[PDB]
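Just so you know, the protein sequences line up as chains M, I, E and G, in that order.
Taking PDB author numbering, the leading residue of the first sequence gets 1, the next gets one more, and so forth.
Note that the second sequence covers residues 2 to 52, 52A, 53 to 82, 82A to 82C, 83 to 100, 100A to 100G, 101 to 110 in PDB author numbering.
Note that the third sequence covers residues 110 to 173, 185 to 251, 267 to 459, 512 to 674, 692 to 702 in PDB author numbering.
Note that the fourth sequence covers residues 110 to 173, 185 to 251, 267 to 459, 512 to 674, 692 to 702 in PDB author numbering.
We treat Cβ as the ideally placed atom computed from N, Cα and C, and that holds for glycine.
In what follows, a structure is listed as structure tokens, so that the remarks can point back to it.
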Amino acid sequence: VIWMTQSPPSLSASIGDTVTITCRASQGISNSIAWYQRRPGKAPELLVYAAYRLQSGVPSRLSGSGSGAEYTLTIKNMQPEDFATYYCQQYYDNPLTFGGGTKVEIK
Amino acid sequence: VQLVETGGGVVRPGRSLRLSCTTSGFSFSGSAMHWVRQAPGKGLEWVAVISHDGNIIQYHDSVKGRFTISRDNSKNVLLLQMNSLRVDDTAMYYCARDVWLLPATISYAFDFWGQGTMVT
Amino acid sequence: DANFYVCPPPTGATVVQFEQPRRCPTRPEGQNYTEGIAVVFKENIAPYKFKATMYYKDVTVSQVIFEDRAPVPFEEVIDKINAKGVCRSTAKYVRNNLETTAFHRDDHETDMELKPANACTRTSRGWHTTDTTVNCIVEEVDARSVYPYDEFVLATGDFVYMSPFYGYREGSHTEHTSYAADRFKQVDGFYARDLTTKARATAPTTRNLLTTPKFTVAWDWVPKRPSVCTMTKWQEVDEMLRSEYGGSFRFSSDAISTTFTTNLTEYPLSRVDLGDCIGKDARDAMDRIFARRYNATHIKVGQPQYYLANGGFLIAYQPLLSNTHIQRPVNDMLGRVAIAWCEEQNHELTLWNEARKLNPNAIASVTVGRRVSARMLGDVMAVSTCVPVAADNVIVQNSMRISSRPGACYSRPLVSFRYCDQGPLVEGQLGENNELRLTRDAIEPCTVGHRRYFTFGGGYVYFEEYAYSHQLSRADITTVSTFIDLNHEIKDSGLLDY
Amino acid sequence: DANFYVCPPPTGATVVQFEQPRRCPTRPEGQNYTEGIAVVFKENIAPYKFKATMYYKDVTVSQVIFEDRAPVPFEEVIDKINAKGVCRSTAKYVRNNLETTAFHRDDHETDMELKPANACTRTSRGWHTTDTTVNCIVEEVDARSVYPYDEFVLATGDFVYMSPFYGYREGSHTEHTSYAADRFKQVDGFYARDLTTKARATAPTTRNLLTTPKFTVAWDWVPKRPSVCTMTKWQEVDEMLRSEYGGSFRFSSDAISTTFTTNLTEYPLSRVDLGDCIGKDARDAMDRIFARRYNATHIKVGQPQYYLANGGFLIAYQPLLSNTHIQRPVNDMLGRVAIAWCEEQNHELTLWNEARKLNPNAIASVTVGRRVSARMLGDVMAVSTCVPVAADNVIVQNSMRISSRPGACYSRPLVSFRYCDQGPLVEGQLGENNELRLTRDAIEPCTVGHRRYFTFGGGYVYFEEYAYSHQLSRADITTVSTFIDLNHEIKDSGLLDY
Ligand SMILES: *[C@@H]1O[C@H](CO)[C@@H](O[C@@H]2O[C@H](CO)[C@@H](O[C@@H]3O[C@H](CO[C@H]4O[C@H](CO[C@H]5O[C@H](CO)[C@@H](O)[C@H](O)[C@@H]5O)[C@@H](O)[C@H](O)[C@@H]4O)[C@@H](O)[C@H](O)[C@@H]3O)[C@H](O)[C@H]2NC(C)=O)[C@H](O)[C@H]1NC(C)=O
Ligand SMILES: *[C@@H]1O[C@H](CO)[C@@H](O[C@@H]2O[C@H](CO)[C@@H](O)[C@H](O)[C@H]2NC(C)=O)[C@H](O)[C@H]1NC(C)=O
Ligand SMILES: *[C@@H]1O[C@H](CO)[C@@H](O[C@@H]2O[C@H](CO)[C@@H](O)[C@H](O)[C@H]2NC(C)=O)[C@H](O)[C@H]1NC(C)=O
Ligand SMILES: *[C@@H]1O[C@H](CO)[C@@H](O)[C@H](O)[C@H]1NC(C)=O
Ligand SMILES: *[C@@H]1O[C@H](CO)[C@@H](O)[C@H](O)[C@H]1NC(C)=O
């Protein structure tokens, strides 16, 4: 089993700020990790695959990075829809495991 | 694209339960499928995976053997079964569709979900 | 080009076969494609080894007989050889369908001390007593065991139907044995006295003792040696395409590279976890190539896949996807050329078959990559490395015209040499390609008109009328081209007026 | 890899030769050029075939002789053998320079009914009477006739100096016959009774009947079978350049392709109209390639040209014209590689010549593409396909140590098998490469110190001191590469202290 941690569990911010989240795995996966976010009262939605690729609908201000066992996701600007939760998901070894997650809220 | 889960409900520990998830709005025959679990107020935790063809299956160590997964394209439904649920098994469940990259590959991830079904 | 060599007949300890025909991937692709990193594995088949020891005795009778080896009882090994380094004179053996006892030079019972039998350390040490008569011999021969580690064979070539891990000390492979328990013993606290100096070992050890009707053997014992990976990382390919056709996936790399074919089904070794080391090495190699060449070029998807491709190759594949013209024909030409090479080599394999029957020495040596001895033991070839000797310790006899048999004398030069510079000299015959035969048997009805050459060191040795004349350097003889590059001088007429 | 095989000696019905040295186009072009579509042809040489039937009788004497075949009269073939299904007992033959008559087991004249002689249908049916003595035999052997259809030969290998179209019923090729008219008869209205069930044919036919001094033959006759084209469409090339140099036009395609050379003169076969089918097939080929690739790219000019190229090839060229850079060096390099291959293969042909004289079985099989029997009948090789047998119907004898000749026993294992599962079993010897010899003759002065292996099915069969021990899978023996790819493990020393 491969474990990971995400911090802080929750944070307070406002529109127009800059924040970054990090997911630290227990082993050197080197590239196999995805990210997800979920709106309250709605099913989650995906963010990044392999720590670099994006998808449709996600704004251009979303981008991930990392290597080895240290991975991060960067959000260049805050918007009203950013006040939600985020998570990291590894797929390097089975079984699949999720990270501690994080939360965002208005100050 | 949307998925619908059914078969949940409040059940005491020490018995079996059967549940399934129907699929629509996409090529279910040409895409793999996932199953995820989420305890009340806790994080997400994977359950199983079934390929588009169904010849390869993987499970979580906490649910290996105790749970089973099966699919059927003729009725675009994903069927699951298990036995003797415990108190810790109380959690929210969903059927997730794998990220589509290539027909001959399984991303071991997911991009679409369903409404979900609760079991306690 | 090379020094002299002496090649004794192989004992059959190691047997080799041909690679057999290989299936060529006739079609040079052209259908749908997919990309991904690849690394191929294959049967490790590493055989276990242990420098065991052999103990036996020679028996003979002074009748103007029926000599054969005899084993050494366990009590004699641990008492006379292990303590005093001596052997018993009396030994029983069947003589004309009935048991009979021998003696040391028809004398009374005596203890004969063991001494080295090589005369100079050119191979394993080995020991003996004397150069009715009885002789006790001990040798530290080498051994090999097949991959399952269920059976082993010694340098003498006699198979031992018993696993090297056999032992009642702890839980081991003690169930594999075809011999009776009376033929085996495990000596604990063995101090392994050496016959070279009789100085005893450094610490006690548990030594297994077994003895077949032909001899006695022994070697240090351990519970088990399971530290071995089933497969071995053969090659790491940077780019390998995954094509689909004919109901069997095709994994091809650069045009001249070898293409693999599988059943399309994922092998269960990785998911079963029995190939944990294989996955670890494969995963490391996969991440190594990705970070080395495709951080920003492609994106890894899924997890590595495993397949038991044709020919036994276990291919580990990892699909990739791109983040984003004169090579088209030439690739088809090179691919067709590669297939022609595979088909041509497949035909050449047949020629190699009769070549080995005609001359196993040269053929077996070039195939393995070094001067090696070999002889065909039926449809399977035997192999054993040769011992080298310097040129200074070799000298050709003045003439092969053996006077003992007028009109029929040796055809090749007779040679005298010594294994070691300070060791004793020996006599033999000069074979082909600087091969020093240990025996002289090339008789031929020698007749007038003889004039020949023979390979000797870097140059040649001339002969005429069966008598040495002088040496001749390599450049003293005209050379011809027995080849054809990717891109002559011969003359003179015969003497018709003889 | 394959099942067992039994290869009887070839009867010489079909003979084969080498391709002989081929002229390599040493020059890799580079001079003036011209474009056009091309399609090559060659001699069709399709030989006529007909499942004829041979009738003969064996004659012997009980002297503690001079046995040989004997023919069957026409009246007896149609009446006793065909209508009644029996054969006469008396038969005349020369005995020590004088005629003599035989009898059925020195008995009176009697009619013996015919029965199958194969014991299980593995080849042609065949029939016989008994397994002085006289035996009547009938065989529905196969036949072949050269391209001119002037002479034919049967499976037995005896040439028949008379064409299959011989016949006086209508205007046919009746002028070709070296035998006297007394040796031939054309039975009209023959309604062909069969010996298997005597159910008789469906409609009457005309059957030719000829008999050489050794036997009698027959087969259904037809006036003529001239429906055959003198040439066969060998290959269809999409692009082929037409270069001019050395007073002989050169027709070349892609670098690795084979280049042709002609006399620059149009051959008269097409314009004479005798090659109407050749032109039709060729014209269809040019149109197919044009519409497939050059409707708007090039433009046709003139009509297809025909030329007799070197090596016997016939090329039909259709010049074209265009309606409107890294390939330059690689093309020259690839072309030179192709010429090196042609020259290298030319040298290899000499090696194959010596290989066939050394081992015709394996060489003849790999060259033709399947397990086939063969023996060198001088400078020409004979060929005949082999019969297969499943592994279940084969078993190796327990030991080859024939007690009848101590010290000189069989070198290879003695094998027993049955052609058909329900048929009787036979005894023989196990040859090389799963070849089941029908005879046991591999005697060798067997001596102490013997340990060999032999190919058996997919694995090997072990032997020591001339006694079966056990089987061994393919992976039980270490493998070594015998061919170099486009891109080792050997060890152990001998027992010097023997
Ligand atoms: C030969 O080789 C090709 C290429 O490898 C094989 O695959 C075909 O590739 C073409 C070209 O890309 C495919 O055509 C495209 O297919 C798409 C079908 O959509 C599927 O996914 C949809 C949802 O997933 C998308 O959206 C989410 C986000 O919303 C993303 O995360 C995903 O990654 C996806 O983008 C579903 O709604 C839909 O029902 C499908 O499941 C689509 O994007 C395009 O419109 C386009 O048509 C083609 O589909 C591939 N073929 C197959 C059978 O899948 C090809 O199969 C190979 N041939 C053989 C014989 O094997
Ligand atoms: C790949 O397919 C081949 C097809 O021949 C499989 O061959 C099997 O061979 C065994 C030998 O004992 C037979 O019992 C099976 O019936 C064969 N199977 C089939 C489907 O014919 C081979 O095993 C396959 N390999 C893998 C790795 O799946
Ligand atoms: C191509 O030219 C060659 C040149 O040798 C021709 O060879 C002829 O061979 C026959 C053999 O009997 C001789 O009688 C002729 O005299 C040769 N001709 C010449 C001109 O030397 C060969 O026949 C020619 N082929 C074609 C198809 O025209
Ligand atoms: C890989 O490339 C991305 C851009 O696509 C870059 O930001 C990142 O640093 C690279 N990663 C590594 C591990 O070199
Ligand atoms: C060939 O090409 C021409 C244009 O050059 C086009 O008009 C014509 O239809 C084509 N002919 C055929 C038979 O396809």
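- With a threshold of 16 other beta carbon atoms within 10 Å, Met563 of chain G falls short and is exposed.
- Annotation: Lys200 of chain E to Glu229 of chain E spans about 13 Å, alpha carbon to alpha carbon.
- By the beta-carbon neighbour count (other beta carbons within 10 angstroms, threshold 16), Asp82 of chain M is buried.
- Taking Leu73 of chain M as reference, the option from M:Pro8, M:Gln27, M:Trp35 with the minimal CA-CA separation is M:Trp35.
- Distances from the CB of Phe27 of chain I to the heavy atoms of ligand 1 include at least one below 7 Å.
- Taking 8 Å as the threshold, the shortest C-beta distance from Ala417 of chain E to chain M does not fall below it.
- By the Cβ rule, the segment 326-341 of chain G does not count as touching the segment 379-387 of chain G, because fewer than three pairs are nearer than 8 Å.
- For the beta strand (DSSP E) assignment, the uninterrupted runs of no fewer than 3 residues enclosed by the segment 374-419 of chain E are, from N- to C-terminal side, 383-387.
- The straight-line gap separating the alpha-carbon atoms of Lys320 of chain E and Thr341 of chain E is approximately 11 Å.
- Of all residues in the segment 17-47 of chain M, only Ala34, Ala43, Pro44, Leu46 come within less than 7 Å of chain I when Cβ atoms are compared, listed by chain position.
- DSSP, read as helix, strand or coil, puts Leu538 of chain G in helix.
- When Cβ-Cβ separations below 8 Å define contact, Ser70 of chain I makes no contact with chain E.
- If you check the CB distance, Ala426 of chain G and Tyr441 of chain G do not come in under 8 Å.
- Contact annotation: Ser7 of chain M and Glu105 of chain M have beta-carbon atoms that are not nearer than 8 Å.
- Contact between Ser209 of chain E and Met232 of chain E holds: CB atoms are separated by about 7 Å, below the 8 Å threshold.
- Proximity to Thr432 of chain G across G:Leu449, G:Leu399, G:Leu456 peaks at G:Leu456, based on C-alpha coordinates.
- Given a length threshold of 3 residues, each whole run of the beta strand (DSSP E) inside the segment 569-647 of chain E is given here in chain order: 574-576, 581-583, 601-605, 612-617, 638-643.
- Residue side-chain check: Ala431 of chain E places its Cβ nearer than 7 Å to a non-hydrogen atom of ligand 4.
- Residue-level contact by beta carbon fails for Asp85 of chain I and chain M, as no gap is shorter than 8 Å.
- Cα atoms of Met520 of chain G and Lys76 of chain M: separation of roughly 56 Å, rounded to the nearest angstrom.
- At a cut-off of 8 Å between beta-carbon atoms, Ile146 of chain E makes no contact with chain M.
- Apart from the 5 residues on each side of it in sequence, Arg639 of chain G sits with its Cβ closer than 6 Å to the Cβ of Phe650 in its chain, given in chain order.
- One thing to note: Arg279 of chain E has its Cβ no nearer than 8 Å to the Cβ of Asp701 of chain G.
- Nearest Cα to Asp373 of chain E within the set E:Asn458, E:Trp528, E:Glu144, E:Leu345: E:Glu144.
- In this structure, G:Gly646 is the residue among G:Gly646, G:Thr666, G:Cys607 with its C-alpha nearest to the C-alpha of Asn621 of chain G.
- Any heavy atom of ligand 2 counts here; residues with a Cβ closer than 7 Å to one of them, in chain order, are E:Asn398, E:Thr400, E:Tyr402, E:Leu443.
- A direct Cα-to-Cα measurement between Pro299 of chain G and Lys359 of chain G gives close to 9 Å.
- Against chain I, a Cβ distance below 7 Å from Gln438 of chain E picks out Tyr100E.
- Relative to the non-hydrogen atoms of ligand 1, the Cβ of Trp103 of chain I never comes closer than 7 Å to any of them.
- Using beta-carbon distances, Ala451 of chain E does not count as an interface residue toward chain M, since no partner is under 8 Å.
- At a Cβ-Cβ threshold of 8 Å, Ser378 of chain G and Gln140 of chain G count as neighbours.
- Under the DSSP assignment, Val273 of chain G falls in the beta strand (DSSP E) whose first and last residues are 268-274.
- Here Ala155 of chain E carries a coil assignment [DSSP, helix/strand/coil].
- When secondary structure is reduced to three states using DSSP, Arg279 of chain E falls in the strand class.
- Put simply, the CB of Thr393 of chain E is far from chain I, with every gap to its CB atoms at 8 Å or more.
- Between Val559 of chain E and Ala551 of chain E, the C-beta gap is smaller than 8 Å, which places the two residues in contact.
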